[PDB]
Amino acid sequence: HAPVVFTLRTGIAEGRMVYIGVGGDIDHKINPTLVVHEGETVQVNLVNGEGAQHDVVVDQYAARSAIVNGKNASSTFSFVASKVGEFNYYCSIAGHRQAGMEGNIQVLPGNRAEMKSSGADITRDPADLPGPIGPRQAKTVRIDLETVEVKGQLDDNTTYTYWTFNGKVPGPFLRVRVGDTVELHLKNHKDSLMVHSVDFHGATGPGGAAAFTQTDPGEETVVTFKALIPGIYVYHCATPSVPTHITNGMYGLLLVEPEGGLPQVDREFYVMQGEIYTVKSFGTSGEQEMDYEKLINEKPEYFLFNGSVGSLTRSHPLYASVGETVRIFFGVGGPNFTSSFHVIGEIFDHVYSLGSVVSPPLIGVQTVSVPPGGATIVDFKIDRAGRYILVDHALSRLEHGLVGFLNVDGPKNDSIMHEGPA
Amino acid sequence: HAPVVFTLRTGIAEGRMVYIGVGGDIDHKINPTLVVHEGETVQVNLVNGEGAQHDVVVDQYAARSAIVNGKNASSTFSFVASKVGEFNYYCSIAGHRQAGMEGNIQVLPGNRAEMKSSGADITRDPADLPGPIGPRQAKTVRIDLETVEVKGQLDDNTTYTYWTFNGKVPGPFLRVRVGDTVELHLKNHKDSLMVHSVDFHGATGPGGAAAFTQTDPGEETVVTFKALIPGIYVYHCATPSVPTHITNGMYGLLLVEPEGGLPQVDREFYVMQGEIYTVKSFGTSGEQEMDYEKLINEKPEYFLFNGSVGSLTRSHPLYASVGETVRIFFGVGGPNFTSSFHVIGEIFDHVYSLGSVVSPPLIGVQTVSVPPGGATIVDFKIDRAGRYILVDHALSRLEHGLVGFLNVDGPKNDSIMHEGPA
Amino acid sequence: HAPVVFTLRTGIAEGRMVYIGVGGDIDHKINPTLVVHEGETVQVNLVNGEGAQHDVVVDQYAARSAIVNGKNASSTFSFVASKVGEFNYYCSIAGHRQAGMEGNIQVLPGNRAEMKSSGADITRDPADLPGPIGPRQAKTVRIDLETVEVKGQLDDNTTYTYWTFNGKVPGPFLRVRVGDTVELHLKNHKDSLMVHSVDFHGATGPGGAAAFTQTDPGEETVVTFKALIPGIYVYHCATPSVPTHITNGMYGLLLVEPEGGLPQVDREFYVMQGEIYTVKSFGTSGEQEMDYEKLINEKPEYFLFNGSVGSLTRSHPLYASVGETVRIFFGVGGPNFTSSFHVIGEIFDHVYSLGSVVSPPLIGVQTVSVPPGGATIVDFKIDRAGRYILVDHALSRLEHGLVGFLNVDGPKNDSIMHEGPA
Ligand SMILES: [Cu+2]
Ligand SMILES: [Cu+2]
Ligand SMILES: [Cu+2]
Ligand SMILES: [Cu+2]
Ligand SMILES: [Cu+2]
Ligand SMILES: [Cu+2]
Ligand SMILES: [Cu+2]
Ligand SMILES: [Cu+2]
Ligand SMILES: [Cu+2]
Ligand SMILES: [K+]
Ligand SMILES: [K+]
Ligand SMILES: [K+]
């Protein structure tokens, strides 16, 4: 999977100069044992706590941080845990290892256990969308949405109150044809504390339907609307506080197909990015709560593909085969951040700028900016095997949970890319 | 209009466990009375101050926050104040109401009073722009700007020292034809403390004219420059500190029309987005001042359309009628934030990407990313009535002042969108 | 060149009411002497420290700040230091000058000394790139990169440990033709602490080559890959922590030319933007260190073109002649911020949107958003003389080191732009 990340701050604790764990399974632990599995890439973040000179050296891997001099000075490093066994990490500054700066890394055989928590799985499988529509004539299409507030899994051993369409994040991928009439039935579950609604960016009229869909707990609201313009549209709850309903999970995509349909492709995926603003820092376990000051001042703790940490890496990666042309419908619920959407190891053959399905897509593009409340379509042929990586290329976000895998099976070496000279 | 928002934090004050108001008319008040008008959507933000378990419950409205457990934990909720009267809000956790956590919501008949302050109205009416140039050959054209420093209204009961072109924000919409020779006369009002100037993105040469227009208070500067390339351009003061002059209000748009003009439209509108960085938190009344730390580190307090809170909702909303084709000239003065410009309930028929007027517009677009120092043009046919909502879809900005209304009269229900089934 | 900036906070120090220097050569100095050279533009930022009313008045220049009233209230102003000599600056509030609020501005003849420090010059000269490839057929091209960790100059009297391709930032501009087979040899210098590697956005396959290029210090890695799709591609180090390797300087551009080559142009330039996250605030001299909290929370201290403060203003400005058509290859290493790239005084004739070289470029564009992990190409005819200014139009970044000069010699006044009436 992604690197396993450990943060260590230096300090004086239990009477000695030591390292102290930050977050994860090591939170506030003195000289924590870092437990890792054979073959994992292990990342260690060292932050200087008290202002003495420090590093971290990993005894048999010859991996080390840079030296860190003043308070807050930091160094980050990694190594592949290729050998099972127990290995010391320690500070190499004169006297510090003797003063107390030493702990263990345990490299265990086997695979890391699956993520678990007391929360429900609220992730949307990225293969979970309707396929292309027929060559139909326009018609009336009934859509059902239910709004549910649910304790969900946010990360291993970490939970959060999500608010969702149909129990997952993003909500259902809706797919209709230009000219269709949509008849929406919105039910707000009876255990909901809040009113919920929906605004479709592909709808024309008051609140994008939100003026007709403010729905009390236990009740239903119904609204009919015409789909007048093809495009790939975000939709989201539109009940005040709107950025609050959105951060909690109430966002989705609505595709309005052009008359002829989109170009035919072998496989399509559904991916949306959002932020969560928790009182505790990213990586702290337990029951997380929303922090309003962080929300309104745009200070996110979690950045997420499809609802959760590890959603598209461990829970349900994308899977395709070599030679397939693939399409990702990519949307940004937000509420706030522009995504720089990129698939590492591949190139977008076509990018539907700003979600326009009528204009000719752009050709041969590495990375696309997608604003919150915006969506695009990217298509590309997969020429060869590999683990391709979905990222927002504001790469600090990798460490706030933002990473997905597109797994394509086949040989490591081929004529498109291979080790060694030509 | 837009929800009336109240922030309550919990804590201990006057010898009891209580709610304490934050900002607005309730700042620092204990168990404050929330005064509200019939028909308003009321939003309450609860932030846990001291770490006991809390909620807010509105007696008779069946409206409540989620329970908030640790310090900083937060819950936002809203409700429509449909019934006139006096209603209790209280904490439902055992003992907390008797302990002192209770206040009153007064729902008054009629409408909320207008916004007032000891500041001048510095807002640009969105219909305040010159219309299409006729068919003309290119000619010499005189433009007059005056830089004025003025105490303006920022919000209800709140003021700020604005720096402006001609006393409003954005400055005058300038409109010339490609090939025009522009003779710009820039006067700095004698009462200004600062020198002021102007850089047009549509100008070719030193500082986009800024090298020629550094103008001492009481002086006049004159520069002539040719408009070589059609487009929709931002202009702004360019005297150091340029971000300071921009945040204070010194930005506007220059349209350089292409040869046959832009497509004819029923109505054109002029809107610009910018930020203000105050010492005090958004929503705190009184005389506001610039915070330089917040400016250079991009931590805004106010995000604004046309200069002021309520600028395009209560002061000068956009007006149009059903069936009209409408144009928005939309620019970001900034200084720093890219806008995700979106009109809730409508779809952009045409988007002039990156403000290009020569390249073919994109078709059928929900949301347009516009950088600081950039502008765009969006055109759309308004198919039906409703109140349409201009926003930056980084939606936390909603609750920092960034919202606008485009009001279109007519029935709620029609064939394009109506309540109930098809 | 760019404004000389001094920051003063007010306070009580050494027993009086005074101004105190913040950063630069005045840091923590009481009533500091601001030393400046004839003809420089001087900017003073005044920040209220203790809460009494203050301003700053420059004697004889008649330049002053606005009055600042509460703690943190700020006001910036500037003046041109046109007269050599010594001039008092003082607070005009009653009693404050006698209470101690007074210092000196020393305006010296001649030019400011060149930036110096104990660090290596790590800046890429923007003219340092290979020119257009012949109209040859596809072939095998060898590329060599070495990854080196080096103490570099960040600013005058300030250094940082940069991690680089080939000792400069950005790395070498790489230039191949679509269809080429690229044989990349990556050497990691034996004095490196870290493994380093390479991900090319122009490569197709595992990690964009990163799966094949994790290189221990003192070792080499070789990988061959085909350039399948023309485009302007970012490449960067891809060893965990990736945003750490990127912020330290490991980013560059790879052009995969289309079959015909790019349109012919008179002069090409190579510019990249990135951020540095130091423990100390921007403008603090000395040996700087990375701050991981600032990195991962996206709170930068330096925004940089080509590696360093003053890199494109004083060290290696861009130079061209009137009449030339100029091309800038512009990319954002990041790791985090999208750039609003603009050349003050010019307009882009052609913008290759999202870095697509297959799609028709956009025409007549003032400013372009470039995401981190993305690049574009902008072409423009320079019609007349002037000092043109490359900026990211999120203009607070000017004060964080983000500015560049394009120098075009010739007359100040002409038909395109001149002082006085038409
Ligand atoms: Cu140590
Ligand atoms: Cu909702
Ligand atoms: Cu929306
Ligand atoms: Cu309580
Ligand atoms: Cu000005
Ligand atoms: Cu500008
Ligand atoms: Cu004073
Ligand atoms: Cu590296
Ligand atoms: Cu990348
Ligand atoms: K491909
Ligand atoms: K419409
Ligand atoms: K030009």
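Residues numbered from 1 in each chain as written, not as in the entry; some residues may be left out. Chains lettered and ligands numbered in written order. Part of a larger assembly, values for the part shown. Heavy atoms only, no water.

## Thoughts on the coordination of the copper ion (ligand 3)
Protein-derived ligands of the copper ion (ligand 3) are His201 of chain A (NE2), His236 of chain A (NE2) and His393 of chain B (NE2), with the metal-ligand distances lying across 2.0 to 2.1 Å. Separated by 35 residues along the polypeptide, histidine 201 of chain A in the loop between β14 (199-200) and β15 (220-226) and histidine 236 of chain A in strand β16 (residues 231-236) bring together distant segments of the chain. For the pair shown, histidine 201 of chain A and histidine 236 of chain A are each scored as buried. (Donors = N, O, S within 2.8 Å, 3.2 Å for Na, K, Ca; no water. Helix = DSSP H or I, 4+ residues; strand = E, 2+ residues; numbered from the N terminus. Buried < 20%, exposed > 50% of the residue type's maximum accessible area, 1.4 Å probe, protein only.)

## What to know about the coordination of the potassium ion (ligand 10)
Residues and elements named next belong to chain A. Listed as protein donors to the potassium ion (ligand 10) are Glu346 (OE), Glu346 (OE), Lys381 (O) and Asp383 (OD); their distances from the metal cover 2.4 to 2.6 Å. Positions of the donor residues of the potassium ion (ligand 10), expressed as sequence spacing, correspond to E-x34-K-x1-D. In this pair, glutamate 346 sits in the loop between β23 (339-344) and β24 (348-351) while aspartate 383 sits in the loop between β27 (374-381) and β28 (386-392), placing the two residues 37 residues apart along the sequence. On the basis of relative accessible area, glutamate 346 is assigned to the buried category, the value being 3%. Its relative accessible area of 28% is what places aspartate 383 among the partly exposed residues.

## Looking at the UniProt feature "binding site: Cu(2+) 1" (unreviewed entry) in chain A
Residues and elements named next belong to chain A. Residues annotated in UniProt with the feature "binding site: Cu(2+) 1" (unreviewed entry) correspond here to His54, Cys91 and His96. A maximum C-alpha distance of 8.1 Å places the annotated residues, which cover 43 residues in sequence, within one compact spot. Here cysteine 91 lies in the loop between β8 (85-90) and α1 (96-99). Those residues in contact with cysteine 91 that sit more than four places away from it in its chain are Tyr19, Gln53, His54, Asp55, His96, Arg97 and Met101. (UniProt positions renumbered as here; feature names shortened; annotations may be inferred. Contact = heavy atoms within 4.5 Å.)

## Points about the pattern of salt bridges
This structure, assessed with the given rule, holds 61 salt bridges over all chains. The shortest N-O distance in the salt bridge between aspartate 379 of chain A and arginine 327 of chain A comes to 3.4 Å. You can see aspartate 379 of chain A sitting in strand β27 and its partner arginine 327 of chain A sitting in strand β22 (residues 325-334), a full 52 residues away along the chain. A residue is classified by how much of its surface remains accessible, and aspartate 379 of chain A, at 4% relative accessible area, is buried. Owing to a relative accessible area of 2%, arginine 327 of chain A belongs among the buried residues under this scheme. As a salt-bridge pair, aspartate 144 of chain B and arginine 142 of chain B come within 2.6 Å of each other at their nearest N and O atoms. Residue classification places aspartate 144 of chain B among the partly exposed positions, given a relative accessible area of 39%. The structure contains a network of salt bridges with shared partners spanning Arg175, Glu257, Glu268, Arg327 and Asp379 of chain A. (Salt bridge = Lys/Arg side-chain N within 4 Å of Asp/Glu carboxyl O.)

## A few points about the domain arrangement of chain A
Residues and elements named next belong to chain A. As assigned here, chain A comprises domain 1 (1-113) and domain 2 (114-422). For domain 1 versus domain 2, the separation of C-alpha centres amounts to 36 Å. At the junction of the two partners, domain 1 supplies eight residues and domain 2 supplies eight residues. Taken together, the two surfaces of domain 1 and domain 2 that pack against each other cover about 620 Å², and 47% of this comes from carbon and sulfur. Area buried by domain 1 at its contact with domain 2 is led by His1, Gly24 and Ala113, which between them contribute 59% of it. (Domains from an automatic or database assignment. Buried area = accessible area lost by both parts, 1.4 Å probe.)

## Quick notes on the relation of the copies chain C and chain A
The two chain copies are related to each other by a rotation about an axis together with a translation along it. Note on the identical chains: chain C maps onto chain A by a rotation of 120° and an axial translation of 0.0 Å, with an RMSD of 0.1 Å. When the rotation and shift are considered jointly, the pair of chain copies conforms to a three-fold rotation axis. (Least-squares fit on C-alpha atoms.)

## Quick notes on the interface of chain C and chain A
Every contact between the two is made by 60 residues of chain C and, on the other side, 62 residues of chain A. With both chains or domains summed, chain C and chain A bury close to 4,700 Å², and 58% of this area falls on carbon and sulfur atoms. On the chain C side of the contact with chain A, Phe212, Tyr292 and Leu354 of chain C bury the most area, a combined 14% of that side's loss. Counting across the chain C and chain A interface gives one salt bridge. Its salt-bridge partner being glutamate 298 of chain C, residue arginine 397 of chain A comes within 2.8 Å of it at the nearest N-O pair. In this assembly, chain C and chain A are joined by 27 residue pairs in polar contact. Secondary structure elements with two or more residues in the side of chain C that touches chain A: β13 (181-188), β15 (220-226), β16 (231-236), α2 (242-247), α3 (292-296) and β27 (374-381) of chain C. (Polar contact = N/O pair within 3.5 Å; in protein donor to acceptor, adjacent residues only side chain to side chain.)

## Some details on the packing of aromatic side chains
With the rule as written, the count across this model stands at 49 aromatic pairs over all chains. On the basis of an interplanar angle of 80° and a centroid distance of 6.2 Å, the ring pair of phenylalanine 305 of chain C and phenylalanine 330 of chain C is categorised as edge-to-face. Here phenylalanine 305 of chain C is found in strand β20 (residues 302-305), whereas its partner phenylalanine 330 of chain C is found in strand β22 (residues 325-334), with 25 residues between them in sequence. Considered together, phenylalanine 305 of chain C and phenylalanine 330 of chain C belong to a single accessibility category, that of buried residues. Grouping aromatic residues by their ring pairs yields a cluster made of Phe305, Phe330, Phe341, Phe348 and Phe380 of chain A. (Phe/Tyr/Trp six-rings, centres within 6.5 Å; stacked < 30°, edge-to-face > 60°.)

## Things to note about the interface of chain C and chain B
Taken together, the 61 residues of chain C in the interface contact 60 residues of chain B. Summed over both sides, the interface between chain C and chain B buries roughly 4,600 Å², with carbon and sulfur atoms accounting for 58% of that surface. Put simply, chain C and chain B have one salt bridge between them. Where chain C packs against chain B, one counts 26 residue pairs in polar contact.

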